[PDB]
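File shown here: my_file-v3.cif, holding mmCIF, C-alpha atoms and all ligand atoms.
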```cif
data_upload
loop_
_atom_site.group_PDB
_atom_site.id
_atom_site.type_symbol
_atom_site.label_atom_id
_atom_site.label_comp_id
_atom_site.auth_asym_id
_atom_site.auth_seq_id
_atom_site.Cartn_x
_atom_site.Cartn_y
_atom_site.Cartn_z
ATOM 1 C CA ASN K 12 89.912 78.796 67.443
ATOM 2 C CA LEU K 13 92.770 77.316 69.473
ATOM 3 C CA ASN K 14 90.341 75.004 71.250
ATOM 4 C CA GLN K 15 88.893 74.099 67.863
ATOM 5 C CA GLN K 16 92.168 72.324 67.097
ATOM 6 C CA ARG K 17 92.070 70.545 70.460
ATOM 7 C CA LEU K 18 88.517 69.339 69.914
ATOM 8 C CA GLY K 19 89.392 68.392 66.354
ATOM 9 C CA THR K 20 92.101 66.125 67.733
ATOM 10 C CA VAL K 21 89.570 64.403 69.994
ATOM 11 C CA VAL K 22 87.261 63.827 67.013
ATOM 12 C CA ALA K 23 90.118 62.345 64.963
ATOM 13 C CA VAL K 24 91.044 59.938 67.751
ATOM 14 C CA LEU K 25 87.415 58.781 67.997
ATOM 15 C CA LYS K 26 87.244 58.262 64.236
ATOM 16 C CA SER K 27 90.613 56.470 64.304
ATOM 17 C CA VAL K 28 89.169 53.864 66.680
ATOM 18 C CA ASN K 29 85.901 53.641 64.742
ATOM 19 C CA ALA K 30 83.748 54.885 67.627
ATOM 20 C CA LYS K 31 80.168 55.402 66.406
ATOM 21 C CA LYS K 32 78.377 56.011 69.715
ATOM 22 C CA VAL K 33 80.060 58.686 71.828
ATOM 23 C CA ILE K 34 79.167 60.184 75.190
ATOM 24 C CA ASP K 35 80.793 63.439 76.287
ATOM 25 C CA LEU K 36 80.887 63.682 80.057
ATOM 26 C CA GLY K 37 80.943 67.366 81.028
ATOM 27 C CA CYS K 38 79.889 68.581 77.590
ATOM 28 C CA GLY K 39 79.546 72.221 78.599
ATOM 29 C CA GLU K 40 78.077 74.329 75.778
ATOM 30 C CA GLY K 41 78.495 71.385 73.419
ATOM 31 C CA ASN K 42 81.513 72.539 71.427
ATOM 32 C CA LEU K 43 82.615 68.939 70.892
ATOM 33 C CA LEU K 44 79.029 67.897 70.144
ATOM 34 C CA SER K 45 78.937 70.388 67.255
ATOM 35 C CA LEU K 46 82.052 68.887 65.666
ATOM 36 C CA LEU K 47 80.791 65.329 66.101
ATOM 37 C CA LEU K 48 77.541 66.164 64.283
ATOM 38 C CA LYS K 49 79.542 67.319 61.259
ATOM 39 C CA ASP K 50 80.878 63.776 60.802
ATOM 40 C CA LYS K 51 78.167 61.330 59.665
ATOM 41 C CA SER K 52 80.117 58.358 61.037
ATOM 42 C CA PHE K 53 78.929 59.245 64.544
ATOM 43 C CA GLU K 54 75.530 57.573 64.941
ATOM 44 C CA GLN K 55 74.817 58.541 68.550
ATOM 45 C CA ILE K 56 76.161 61.689 70.176
ATOM 46 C CA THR K 57 75.315 62.245 73.829
ATOM 47 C CA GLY K 58 76.284 65.231 75.963
ATOM 48 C CA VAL K 59 76.077 65.189 79.762
ATOM 49 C CA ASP K 60 76.658 68.084 82.170
ATOM 50 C CA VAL K 61 76.185 68.764 85.894
ATOM 51 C CA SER K 62 74.483 72.105 85.266
ATOM 52 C CA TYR K 63 70.918 72.571 84.041
ATOM 53 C CA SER K 64 71.716 76.103 82.891
ATOM 54 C CA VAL K 65 74.707 74.952 80.839
ATOM 55 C CA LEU K 66 72.737 72.223 79.078
ATOM 56 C CA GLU K 67 70.102 74.831 78.247
ATOM 57 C CA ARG K 68 72.809 76.988 76.685
ATOM 58 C CA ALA K 69 74.161 73.983 74.805
ATOM 59 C CA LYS K 70 70.802 73.156 73.234
ATOM 60 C CA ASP K 71 70.418 76.806 72.259
ATOM 61 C CA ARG K 72 73.932 76.976 70.824
ATOM 62 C CA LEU K 73 73.434 73.693 68.965
ATOM 63 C CA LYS K 74 70.023 74.844 67.669
ATOM 64 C CA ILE K 75 68.861 71.258 68.122
ATOM 65 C CA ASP K 76 65.134 72.019 67.800
ATOM 66 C CA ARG K 77 65.865 73.246 64.259
ATOM 67 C CA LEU K 78 68.031 70.403 62.993
ATOM 68 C CA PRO K 79 66.536 68.055 60.387
ATOM 69 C CA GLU K 80 64.783 64.986 61.797
ATOM 70 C CA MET K 81 67.650 62.625 60.899
ATOM 71 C CA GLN K 82 70.148 64.874 62.694
ATOM 72 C CA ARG K 83 67.964 65.318 65.762
ATOM 73 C CA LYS K 84 67.842 61.539 66.262
ATOM 74 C CA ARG K 85 71.643 61.403 66.503
ATOM 75 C CA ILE K 86 71.993 63.711 69.500
ATOM 76 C CA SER K 87 70.906 63.533 73.132
ATOM 77 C CA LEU K 88 71.575 65.721 76.181
ATOM 78 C CA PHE K 89 70.848 65.175 79.870
ATOM 79 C CA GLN K 90 71.859 66.346 83.335
ATOM 80 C CA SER K 91 73.907 64.297 85.780
ATOM 81 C CA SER K 92 76.062 64.831 88.855
ATOM 82 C CA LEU K 93 78.568 62.294 87.477
ATOM 83 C CA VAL K 94 78.666 60.446 90.794
ATOM 84 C CA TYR K 95 76.173 57.600 90.516
ATOM 85 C CA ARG K 96 75.621 54.586 88.274
ATOM 86 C CA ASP K 97 73.258 56.061 85.677
ATOM 87 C CA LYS K 98 71.887 53.520 83.192
ATOM 88 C CA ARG K 99 72.064 56.214 80.531
ATOM 89 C CA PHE K 100 75.879 55.945 80.587
ATOM 90 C CA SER K 101 75.783 52.392 79.236
ATOM 91 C CA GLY K 102 76.352 51.163 75.696
ATOM 92 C CA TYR K 103 78.779 53.723 74.258
ATOM 93 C CA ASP K 104 81.855 52.966 72.151
ATOM 94 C CA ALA K 105 83.807 55.846 73.666
ATOM 95 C CA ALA K 106 83.584 58.477 76.378
ATOM 96 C CA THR K 107 85.269 61.878 76.190
ATOM 97 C CA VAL K 108 86.268 63.913 79.249
ATOM 98 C CA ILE K 109 87.383 67.456 78.441
ATOM 99 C CA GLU K 110 87.980 70.174 81.048
ATOM 100 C CA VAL K 111 86.522 68.086 83.857
ATOM 101 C CA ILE K 112 89.049 66.315 86.089
ATOM 102 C CA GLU K 113 91.104 69.392 86.948
ATOM 103 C CA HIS K 114 87.969 70.820 88.630
ATOM 104 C CA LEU K 115 87.153 67.859 90.888
ATOM 105 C CA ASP K 116 88.258 67.481 94.506
ATOM 106 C CA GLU K 117 89.528 64.130 95.810
ATOM 107 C CA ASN K 118 86.086 62.708 96.631
ATOM 108 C CA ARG K 119 84.412 63.761 93.382
ATOM 109 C CA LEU K 120 87.374 62.615 91.278
ATOM 110 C CA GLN K 121 87.341 59.138 92.817
ATOM 111 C CA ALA K 122 83.573 58.925 92.327
ATOM 112 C CA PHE K 123 83.926 60.133 88.725
ATOM 113 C CA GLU K 124 86.652 57.529 88.064
ATOM 114 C CA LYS K 125 84.251 54.730 89.015
ATOM 115 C CA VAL K 126 81.490 56.241 86.890
ATOM 116 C CA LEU K 127 83.875 56.523 83.956
ATOM 117 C CA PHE K 128 85.919 53.315 84.015
ATOM 118 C CA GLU K 129 83.538 50.980 85.849
ATOM 119 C CA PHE K 130 80.003 52.206 85.109
ATOM 120 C CA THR K 131 80.364 53.638 81.598
ATOM 121 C CA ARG K 132 83.398 51.462 80.801
ATOM 122 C CA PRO K 133 83.591 52.133 77.025
ATOM 123 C CA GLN K 134 86.154 50.544 74.691
ATOM 124 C CA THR K 135 87.918 53.923 74.487
ATOM 125 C CA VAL K 136 88.166 56.782 76.995
ATOM 126 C CA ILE K 137 89.718 60.121 76.016
ATOM 127 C CA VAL K 138 90.699 62.468 78.852
ATOM 128 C CA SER K 139 91.968 65.959 78.055
ATOM 129 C CA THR K 140 93.262 68.434 80.622
ATOM 130 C CA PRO K 141 95.618 71.460 80.731
ATOM 131 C CA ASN K 142 99.349 70.999 81.208
ATOM 132 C CA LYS K 143 99.983 73.253 84.199
ATOM 133 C CA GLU K 144 103.692 73.513 83.385
ATOM 134 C CA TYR K 145 102.836 75.407 80.219
ATOM 135 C CA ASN K 146 101.827 78.395 82.335
ATOM 136 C CA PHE K 147 105.236 78.473 84.060
ATOM 137 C CA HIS K 148 106.645 80.206 80.992
ATOM 138 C CA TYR K 149 105.997 83.917 81.532
ATOM 139 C CA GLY K 155 92.757 88.372 81.977
ATOM 140 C CA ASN K 156 90.290 87.846 84.816
ATOM 141 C CA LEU K 157 91.984 87.283 88.182
ATOM 142 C CA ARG K 158 90.267 83.926 88.642
ATOM 143 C CA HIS K 159 91.109 82.913 85.081
ATOM 144 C CA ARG K 160 94.763 83.704 85.780
ATOM 145 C CA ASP K 161 94.807 81.136 88.583
ATOM 146 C CA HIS K 162 96.217 77.867 87.212
ATOM 147 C CA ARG K 163 97.099 76.158 90.495
ATOM 148 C CA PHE K 164 94.427 73.518 90.031
ATOM 149 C CA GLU K 165 95.735 72.372 86.670
ATOM 150 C CA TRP K 166 97.798 69.187 86.746
ATOM 151 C CA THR K 167 101.443 68.864 85.764
ATOM 152 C CA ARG K 168 102.390 66.258 83.172
ATOM 153 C CA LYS K 169 103.769 63.996 85.906
ATOM 154 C CA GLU K 170 100.594 64.342 87.958
ATOM 155 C CA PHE K 171 98.366 63.525 85.004
ATOM 156 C CA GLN K 172 100.419 60.574 83.788
ATOM 157 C CA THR K 173 100.786 59.147 87.292
ATOM 158 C CA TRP K 174 97.021 59.457 87.749
ATOM 159 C CA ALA K 175 96.273 57.959 84.333
ATOM 160 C CA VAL K 176 98.602 54.978 84.791
ATOM 161 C CA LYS K 177 97.087 54.160 88.184
ATOM 162 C CA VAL K 178 93.439 54.326 87.140
ATOM 163 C CA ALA K 179 94.203 52.403 83.944
ATOM 164 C CA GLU K 180 95.784 49.681 86.066
ATOM 165 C CA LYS K 181 92.991 49.754 88.660
ATOM 166 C CA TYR K 182 90.256 49.363 86.028
ATOM 167 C CA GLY K 183 91.838 47.095 83.420
ATOM 168 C CA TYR K 184 92.656 49.677 80.762
ATOM 169 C CA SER K 185 95.882 50.437 78.935
ATOM 170 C CA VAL K 186 96.724 54.106 78.355
ATOM 171 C CA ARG K 187 98.856 56.210 76.011
ATOM 172 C CA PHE K 188 99.605 59.935 76.069
ATOM 173 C CA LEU K 189 99.440 62.683 73.497
ATOM 174 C CA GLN K 190 100.676 66.267 73.413
ATOM 175 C CA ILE K 191 98.062 68.606 71.954
ATOM 176 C CA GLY K 192 99.294 71.919 70.621
ATOM 177 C CA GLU K 193 102.802 73.132 69.854
ATOM 178 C CA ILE K 194 105.487 72.031 72.317
ATOM 179 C CA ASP K 195 107.295 74.806 74.194
ATOM 180 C CA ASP K 196 110.589 72.969 74.699
ATOM 181 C CA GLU K 197 110.725 72.158 78.417
ATOM 182 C CA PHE K 198 107.294 73.492 79.369
ATOM 183 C CA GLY K 199 105.506 71.087 77.031
ATOM 184 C CA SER K 200 102.279 71.781 75.151
ATOM 185 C CA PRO K 201 99.239 73.677 76.544
ATOM 186 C CA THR K 202 97.155 70.514 76.711
ATOM 187 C CA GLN K 203 97.786 66.896 77.598
ATOM 188 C CA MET K 204 95.647 63.922 76.610
ATOM 189 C CA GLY K 205 95.404 60.336 77.758
ATOM 190 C CA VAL K 206 93.750 57.748 75.518
ATOM 191 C CA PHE K 207 92.551 54.724 77.464
ATOM 192 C CA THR K 208 91.754 51.413 75.762
ATOM 193 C CA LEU K 209 89.748 48.689 77.502
ATOM 194 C CA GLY K 210 91.915 45.643 78.142
ATOM 195 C CA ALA K 211 95.595 45.080 78.928
HETATM 196 MG MG MG K 301 83.964 68.913 78.435
#
```

Now that the file is in, can you turn its structure into structure tokens?
Ligand SMILES: [Mg+2]
Amino acid sequence: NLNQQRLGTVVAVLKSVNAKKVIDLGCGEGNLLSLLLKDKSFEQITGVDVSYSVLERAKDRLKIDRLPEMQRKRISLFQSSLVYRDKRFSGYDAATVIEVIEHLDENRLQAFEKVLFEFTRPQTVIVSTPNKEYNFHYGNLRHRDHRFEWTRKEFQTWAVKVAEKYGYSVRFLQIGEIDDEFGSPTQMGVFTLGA
């Protein structure tokens, strides 16, 4: 329920900017989608993932085929490699990117940046990713490997550059309790279209 607070923060930011149509790029099992559906202010909720299997799990977890008609019309899910200009990315007020960028290599990240800030180009973009430094402060072996997480400097440097490259302004947030010098477990950049 630690992630529940993180996702809750994303929802609050969206509401704070009055976003009514939201697209979650890399929706996974739809944990954010679930929270969005609980707030009637969100008129269109769209989840996108690279994996067919994941999306199938999401729809099962969201029990979409059981939701009332009015609720079913608010949500949409579809598969995408997040590399090409897909017309289905257009028209949203905000795009959310949670647990995505820290998994992309140089080529895929650059491609995703275009898709996000040039193709989708919503008024607000919310990017959330782990603060690697948090793990510096001393159970699956692979899950214990945090080398691919970004430090706060790496994330902010990246955010500032893309914001500048695509005509967005960006601000940073610290999600979770701050551990003095190691920072919080999660870092978030909120991008706003325009300078
Ligand atoms: Mg996600």

Which one of K:193, K:110, K:50, K:97 sits closest to ligand MG 301 (chain K) if you count all atoms listed in the file? K:110

Which residues match the PyMOL selection byres (((not hetatm)) within 8 of (chain K and resi 301)) in the file above, as a ChimeraX atom specification? /K:35-39,41,43,107-111

Answer key for the PyMOL selection byres (((chain K and resi 136-143) around 6) and not hetatm), residues as a compact mmCIF listing (two decimals) with C-alpha atoms, in the frame of the given file:
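Generated output (expr14.txt):
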```txt
# COMPACT_ATOMS: atom_id res chain seq x y z
CA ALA K 105 83.81 55.85 73.67
CA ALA K 106 83.58 58.48 76.38
CA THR K 107 85.27 61.88 76.19
CA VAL K 108 86.27 63.91 79.25
CA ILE K 109 87.38 67.46 78.44
CA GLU K 110 87.98 70.17 81.05
CA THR K 135 87.92 53.92 74.49
CA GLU K 144 103.69 73.51 83.38
CA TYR K 145 102.84 75.41 80.22
CA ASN K 146 101.83 78.40 82.34
CA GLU K 165 95.74 72.37 86.67
CA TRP K 166 97.80 69.19 86.75
CA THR K 167 101.44 68.86 85.76
CA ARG K 168 102.39 66.26 83.17
CA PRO K 201 99.24 73.68 76.54
CA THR K 202 97.16 70.51 76.71
CA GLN K 203 97.79 66.90 77.60
CA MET K 204 95.65 63.92 76.61
CA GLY K 205 95.40 60.34 77.76
CA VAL K 206 93.75 57.75 75.52
CA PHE K 207 92.55 54.72 77.46
```

Output the residue selection produced by the PyMOL selection byres (((chain K and resi 62-72) around 8) and not hetatm) on the file above, formatted as a list in words.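 So the PyMOL selection byres (((chain K and resi 62-72) around 8) and not hetatm), applied here, picks out residues 39, 40, 41, 59, 60, 61, 73, 74, 75, 76, 88, 89, 90 and 91 of chain K.
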
Please provide the set of residues having any atom within 9 Å of residue 122 of chain K, restricted to all atoms listed in the file, with same-chain residues fewer than 5 positions apart removed, written as a ChimeraX atom specification. /K:93-95,117,127

One-decimal distance in Å that lies between atom CA of residue 209 of chain K and atom CA of residue 134 of chain K: 4.9 Å

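In terms of minimum interatomic distance to residue 113 of chain K, K:162 ranks closest within K:48, K:162, K:190, K:17, counting all atoms listed in the file.
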
Residue nearest residue 81 of chain K among K:55, K:45, K:121, K:101 (counting only C-alpha atoms): K:55

Please, what distance in Å, to one decimal, runs between atom CA of residue 29 of chain K and atom CA of residue 208 of chain K? 12.7 Å

Rounded to one decimal place, report the atom CA of residue 175 of chain K-atom CA of residue 187 of chain K distance in Å.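 Separation of atom CA of residue 175 of chain K and atom CA of residue 187 of chain K: 8.9 Å.
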
Please give the centre and size of the box around segment 191-203 of chain K (axis-aligned, containing every atom listed in the file, 5 Å added per side), with values in Å to one decimal and written as AutoDock Vina command-line options.
```
--center_x 103.9 --center_y 70.9 --center_z 74.6 --size_x 23.6 --size_y 17.9 --size_z 19.5
```

With distances taken over only C-alpha atoms, the candidate from K:157, K:24, K:126, K:13 nearest residue 188 of chain K is K:24

Rank nothing, just name the residue among K:200, K:161, K:19, K:155 nearest to residue 49 of chain K, using all atoms listed in the file. K:19

Pick the closest to residue 196 of chain K from K:78, K:148, K:12, K:22: which is it, counting only C-alpha atoms? K:148
